[PDB]
Ligand SMILES: Nc1nc2c(ncn2[C@@H]2O[C@H](COP(=O)(O)OP(=O)(O)OP(=O)(O)O)[C@@H](O)[C@H]2O)c(=O)[nH]1
Ligand SMILES: Nc1nc2c(ncn2[C@@H]2O[C@H](COP(=O)(O)OP(=O)(O)OP(=O)(O)O)[C@@H](O)[C@H]2O)c(=O)[nH]1
Ligand SMILES: Nc1nc2c(ncn2[C@@H]2O[C@H](COP(=O)(O)OP(=O)(O)OP(=O)(O)O)[C@@H](O)[C@H]2O)c(=O)[nH]1
Ligand SMILES: Nc1nc2c(ncn2[C@@H]2O[C@H](COP(=O)(O)OP(=O)(O)OP(=O)(O)O)[C@@H](O)[C@H]2O)c(=O)[nH]1
Ligand SMILES: Nc1nc2c(ncn2[C@@H]2O[C@H](COP(=O)(O)OP(=O)(O)OP(=O)(O)O)[C@@H](O)[C@H]2O)c(=O)[nH]1
Ligand SMILES: Nc1nc2c(ncn2[C@@H]2O[C@H](COP(=O)(O)OP(=O)(O)OP(=O)(O)O)[C@@H](O)[C@H]2O)c(=O)[nH]1
Ligand SMILES: Nc1nc2c(ncn2[C@@H]2O[C@H](COP(=O)(O)OP(=O)(O)OP(=O)(O)O)[C@@H](O)[C@H]2O)c(=O)[nH]1
Ligand SMILES: Nc1nc2c(ncn2[C@@H]2O[C@H](COP(=O)(O)OP(=O)(O)OP(=O)(O)O)[C@@H](O)[C@H]2O)c(=O)[nH]1
């Protein structure tokens, strides 16, 4: 009937470190539909200001599609009600070596221009008492990515979230991404990409562990 | 003091073919600055509906950046004042074989979701009386690309525009593109790409010519 | 309050050609939850027959996960209530060249062993009166794929469905896939893959069009 | 007339470490044929709940094929009667440098969804008194792989089994795998892969050794 | 009404280190058009000295094109009026790990022959109190690149400029490039490329930090 | 004591077809040295106009280098005194199948901006009475490339030149190139390339021969 | 006690077609050892003319090594006593489709400069009454390759020899090679390669057969 | 009127280290033309000993071509009058990090068999007081390469020459090459290549510097 234990813990953990995405507390419990109608209205206006003919079949539904996309899709991560269900199992295997999930599909939106960020994450962790379900790592990366973002902040949030859930600081996150506000606009750099890393526990502390992780990052197909 | 001879011709040709992007005639000669301020206003409202903290340094200038992007950047192609300066030379070389410009960078926006379209175009033409300046082919592709688009329409527009400018129907246009409204959202298909082609003159009529062009399309790096 | 016009038409079209997947009409309007509890019960038994310790945290929820996966996920295409919302726009562009969507992600299950089929589809069509929304092609391929399948049948169903929706026989479908019941079991062939094609209208009729499509099939990344 | 010396030793070692796959002791010495018939029965029921027409030629033998697959194929590793015949030779060569077998085909099933796990293992060991037959390394990996698994556990099992058989703790195991329960369903991440490692003896203790092994891991074709 | 605080600061810092490109102070505030007409005249003479027929439509506008290129394009970085607008945000994320922007498109001209330098830059920095906008790193690299250059000096300039702007010495710059004065002329080495690096702060001091950066350098596509 | 028979014939043939690069007849038999001194002076002026400090060691010799480059280097192809020594052998082998030389290095300069053109040529011909020395094909391509060029013209010149020298119209020339005036400036398209072809004799006439050649063109490494 | 039946027939066929490599009949039956001593002496003189210190251990044996190489190695194909032993089997399989041996290692020496030619041959034939041993095709290519060659001639020679041996004109030979007299000297083109083909029977006559062969040529690894 | 200051110093340095290629001092100041005529004669004899028909147009000029090649081409590095003109600039940039020129085209001849050596050199140095012109590094590599060589010696020679010229011991040279006397003859190993390195100053002394260099060696295209 509310946020899960994990959603709450992770959110609290992020607020405490001052890492939460700039979001304002629920000012009014207004149904999403009203938000979507409102947003669509604004988009109708913007399109009119761009002199686009909204009468055309190809543009007619765009304001509603954009509203739905903002509220229901690309920024779904802002609502913790969409936080992934987390499942863990006892580390009976007694695994004390890192588990790495590489090339995680990452789709995000840069907050400076509200434009596509296309990337891939690599997450590693040394299991302590529990082993997390592999897909949950993918879902967590994707939860934070479905928000207007700053890559540097995104990498931190995923790290903190995982540390919190796994009960260990021994987590490492790395994200490699192409920002379309850099690529298809402005400086229009067709080839560059940005890499950001957030190292936890031994990944930070131990150069041995650190470089094992870093060496593993970016392995072509 | 107005649109170039070329911009006027191309625009006319497109209107004649019913190919123009759904744009409404200049209802009011209002300076771009007011449109940008009004659009920025709407974006501000939208971000507030999304509960984003516009007081944050990273989000504070977003509404302005987006308004500037829509009006001055990604949709610059909607304004024929931005049409490329066309330069040609006499076909003294008597070239009667196609000239092909492959892998032309193409950055566009889909009009259904106002999301990134990342593509590459391949354009070929058989010189009649004139040889067009190479970069002009790239600029024309980019001119029509910088608009809310439907890839199928975009391909048509580039073909007509080039036929008009080159004074020959023997032009062929092929665009291969990734639609982020397909890739990073909805069906979320991380691998697909869409190919559209517009064949004219001999490229449509002559199977020999047609397949020479088609075979040439898509040559890895 | 029922199936959409398109879902109905497509289903009727498939039944008429005898191409429907072997599915029995709704014998009882029993809620999915009962089906899932029933299926989970069966899976509990099977696991017990395999002497697996369902008391272990890692196996405890498997019967429920499998039930959910069968009913709600991997065979969701069996229920036309899950048929994609189809959107089309007038072919005002007057496009009379084929539109190809290549490398469509295809995830299916072979009906002989209920094992993973991992593939990619390539769909082409010559627009007649309408142009279909690009993602709808991806969603249609995926609707039929989320069913116990025989690749040869799958390719036919997608073809017929598209022809029906697009109002044209000029459609071509090609699927390239790896069957894990061939790869990870039995003959254990680690390298082979199967290609199946269903050519419609001109794709069948015209060798010119046919080979243009076939030549386009399979383009590495 | 029973399990080999090796199968017995390895099984004991695994039980000792609490590493055995959740399997219950032989409650009844019932012939595989009855289990297969009962499992096939349950699959029949499931397919009927999914409304599949079992009268169809393609679906008619499915319940039998699945029962045979579970009992005799994909889970064959659960029965130590299937343990590989181990052959070793005297380390007369006095090899005191690691021997590495890379890219070992690995086909497994995740126990959470009973779906395909497609992977590759890399195994290294420093010969003490004996040199193991190369193919035995592959067969052992495949022995534990043919079971409902948790990749983290699987890696542990292979390490212990090999240490036991080789009489040395100096063994290292690394598995890279694609989980179809992640890729073709749920989060549906088409690009990620999971890497797990189990380091023993010098591979754990000696950083020089450890990194020699880690550097060697993942060498494209 | 003059240079930005940033442009001034960067220019001062470069002059202080004796790193500025050999440029003479504004001897006369003469309008660029005069320079372009003067340069165009010199180019006209040169072409005449080469016996090129400036009457030809293809050559006629060359003197004016080269003039425009030197003054307005390829050497635009010589004028700090063209320095990029820098944006930074508070490092609230508390990022204390390097941020790397790789494969930055770099287009320069060698000062020895005024011929094309085609290259790519990799820049990394450890955020201190502020996080710079990603595109700014790209624009800065390009600002200094659009000048007659010596690759060794160019790397130094970008390093110092970034250190100045970021307020940290923890910055690293690496550039890999092809010099057409080497490739398409003289020794005509079609295969060589040159790599230069400029390490600051921890990138120079800490071998751990240094090699992390160096390892990251050059990652194919 | 003058131009070779071949140099004369080729030059004549090109003038006849109106294919010669826009060059004016020797107005004065002035030694290259004074042309170099004058060009150097104009360059010194240009650099001064750009405010470059010619006192610097790195810039001091630039004017001389650029003068030496224009006169003695990059445009050496304008002087038929540099035409390659042609050697042929009797086609005693009776070869009546095309001989193709692919991936011929081609370094040229666009005449619109006097910038680098980096490309590769593919030449094929059907030997009639004589077989040409293989390197001569490379030298001829390079002869015409070392000139201010228009790619479309360059291809034409190599075709006529070779036909003349081989005494057969059965020659085909294809050039693929990157124009730095398009890549590193203006539209700044980092990915495009231009392909031009000049087909003679059977390569023009016979579609069989034509497509054998065209298929052959562009074979990666 | 002399040349094999095949060596004789092949040599005869080549002489008839005027395809033999310029070799003079055995003027004197002088033992190879004397030729080597004479050749060695000439090389000793040459090296002295080059002022090389033959006293040095690294140069002392060179004259002998070069003599041995010319006589016994690189030009062994000049002596038909080195012709490969040919083995054929009855075409009981009734194969009437081409058999293609691709990527045959080919090492030759150009006769213009006596410098390395590195290439690969592709041979196809339609079996008539016999099927030749696969390795014999490779040995034949190498027989003719081990001679001072002209690639165009070499291709002809292999074709004729094979037709003779196989008793069919339906043979096709293609050779792709890098000539070091072009690459490491003179024009010094580091990227070009030459392709020659010799098509017989149906490969020449039938465009269907001809293009099946040509399409097959050059398949990367 | 004699050898340059650099040619002298370099030659001296090599003699001091006993690294010069086995060359005898100018016994007689005889014009190259006579050497070529003498060498040509010896080659004529050799070819006659091989029974080659020098009357043939393809072989007639070979003796002259080989003479010209030995004297004027492939062994030009033996004469210091061909030493490259060296240009350096003041290290005003204060670069104290290595500058690396990778993939330098290297064409040599092995002295054991006077056969092609195809390789690539990688040179790095830490600038002390001067920065050398980039192309000079390539010209130096090629100066020493154009001699009858021993790869191990060649690598040493380039290292010493560069240290001499740059006035620093901090130079590193690495060469990767294919010897045709190994590949196309004798053992006929078609896949092997040899790698030699010469490390000076810090490249030898500092493992940090040494491994930064080694890691940089061999970067595919
Ligand atoms: N550090 C960081 N910067 C980002 C990110 N997304 C966008 N940016 C940058 O934030 C900045 C926005 O700068 P402004 O100068 O305010 O807007 P702009 O003028 O449109 O920027 P330009 O792209 O350089 O044209 C740009 O430099 C963007 O590239 C991100 O995730 N992290
Ligand atoms: N033909 C065509 N369709 C496009 C293009 N860009 C976007 N579309 C499609 O236009 C359609 C929008 O359909 P709607 O159903 O109206 O919106 P939606 O529900 O968000 O669509 P889904 O992406 O399928 O979730 C989608 O199928 C888009 O993929 C384009 O360039 N051409
Ligand atoms: N044509 C076709 N065959 C399929 C498909 N999926 C699975 N199969 C095959 O259908 C057959 C099942 O054959 P059976 O012989 O009944 O079962 P099986 O003995 O387990 O088959 P083996 O895999 O050969 O061990 C196999 O040959 C499967 O490879 C599909 O989509 N199309
Ligand atoms: N650690 C680990 N987890 C696995 C493995 N195979 C599957 N899993 C995960 O175990 C978990 C099952 O979680 P549940 O939440 O119980 O099932 P689910 O809701 O279908 O999970 P989703 O895939 O996230 O939709 C998933 O996160 C799987 O990806 C494995 O080998 N190791
Ligand atoms: N260190 C360095 N050298 C450069 C750069 N750009 C060009 N050069 C070199 O500066 C030198 C110019 O030398 P000069 O001998 O004065 O001119 P040049 O005779 O045309 O030189 P060659 O190219 O060797 O023919 C060459 O060695 C160029 O390769 C650069 O960025 N850095
Ligand atoms: N057609 C053909 N020509 C070859 C072959 N091997 C070498 N050649 C060429 O035969 C010619 C020898 O020409 P010459 O002009 O007599 O000697 P050269 O001056 O040293 O030739 P350049 O390499 O152009 O410097 C060159 O053009 C070689 O590239 C071959 O197999 N076939
Ligand atoms: N056809 C052809 N055009 C060329 C070639 N080299 C350069 N060009 C083009 O010739 C034209 C010069 O056009 P102008 O408009 O006169 O000069 P510009 O404004 O600097 O051109 P932009 O490059 O578009 O900025 C450009 O479009 C160049 O890309 C060539 O070989 N062939
Ligand atoms: N170290 C070194 N050896 C070389 C080089 N070039 C050639 N060689 C070798 O020097 C040796 C010549 O050996 P010999 O035994 O005198 O002549 P050979 O019998 O023809 O040698 P084989 O190639 O083994 O048939 C060979 O082993 C060559 O491979 C080089 O650059 N460095």
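Chains as they are written, first to last, in our numbering: chain A, 2 to 222; chain B, 2 to 222; chain C, 2 to 222; chain D, 2 to 222; chain E, 2 to 222; chain F, 2 to 222; chain G, 2 to 222; chain H, 2 to 222.
Built from N, CA and C at the ideal position, the CB exists for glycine as well.
Applying a beta-carbon distance threshold of less than 7 Å, which residues of chain E neighbour residue 190(A)? Simply 105, 106, 139.
Option in 159(F), 52(F), 148(F) with minimal Cα separation from residue 197(F): If we check each option's Cα against that of residue 197(F), 159(F) comes out closest.
Residue 121(F) - partner residues in DSSP beta bridges: Looking at the DSSP assignment, residue 121(F) forms a beta bridge with 106(F), 177(F).
Can a CB atom of chain F be found closer than 8 Å to the CB of residue 176(H)? Judged by the 8 Å Cβ criterion, residue 176(H) is not in contact with chain F.
Residue 23(F) CB to nearest chain E CB: under 8 Å? The beta-carbon of residue 23(F) is placed less than 8 Å from the nearest beta-carbon of chain E.
Within this structure, are the beta carbons of residue 139(B) and residue 190(F) separated by less than 8 Å? Yes. Within cutoff.
Compute the Euclidean distance between the alpha carbons of residue 179(F) and residue 136(B), then round it to the nearest angstrom. For residue 179(F) and residue 136(B), the distance between alpha carbons rounds to 11 Å.
Is the beta carbon of residue 96(C) sitting closer than 8 Å to the one on residue 21(B)? No, the pair does not count as a contact, with Cβ atoms beyond the cut-off.
Look at the alpha carbon of residue 65(D) and the alpha carbon of residue 206(G), and state the distance between them as a whole number of angstroms. One alpha carbon belongs to residue 65(D), the other to residue 206(G), and they sit about 56 Å apart.
Contact set between residue 50(C) and chain D, taken where Cβ atoms lie within less than 7 Å: Near residue 50(C) (Cβ distances below 7 Å), the residues of chain D are 36, 39, 40.
Short Cβ contact (8 Å threshold) for residue 83(B) with residue 144(B): Yes, the pair counts as a contact, with Cβ atoms nearer than the cut-off.
If the cut is a Cβ gap below 8 Å, which residues of chain A does residue 136(C) touch? Within chain A, no residue comes near residue 136(C); the closest Cβ sits about 11 Å away, beyond 8 Å.
Beta carbon of residue 147(H): closer than 7 Å to some heavy atom of ligand 5? The nearest non-hydrogen atom of ligand 5 is 7 Å or more from the C-beta of residue 147(H).
DSSP bridge partner residues for residue 116(A) (one or two, in chain order): Partner residues in the beta bridge of residue 116(A), as assigned by DSSP, are 111(A).
Among the residues of its own chain, which have a CB less than 6 Å from the CB of residue 127(C), if the five just before and after it don't count? Shown here for residue 127(C): same chain residues with a beta carbon closer than 6 Å to its own, the five before and five after excluded, namely 99, 171 in chain order.
Just tell me which of 105(E), 209(E), 112(E), 37(E) has its CA closest to the CA of residue 222(E). Cα-wise, what sits closest to residue 222(E) is 105(E).
When every heavy atom of ligand 1 is checked, does at least one fall within less than 7 Å of the C-beta of residue 155(E)? It does not: the Cβ of residue 155(E) is nowhere closer than 7 Å to a heavy atom of ligand 1.
Is residue 113(C) near ligand 3, in the sense that its beta carbon is under 7 Å from a heavy atom of that ligand? For residue 113(C), the CB falls within less than 7 Å of some heavy atom of ligand 3.
What three-state label does DSSP hand residue 203(H) in the structure shown? If DSSP states are grouped into helix, strand and coil, residue 203(H) belongs with the helices.
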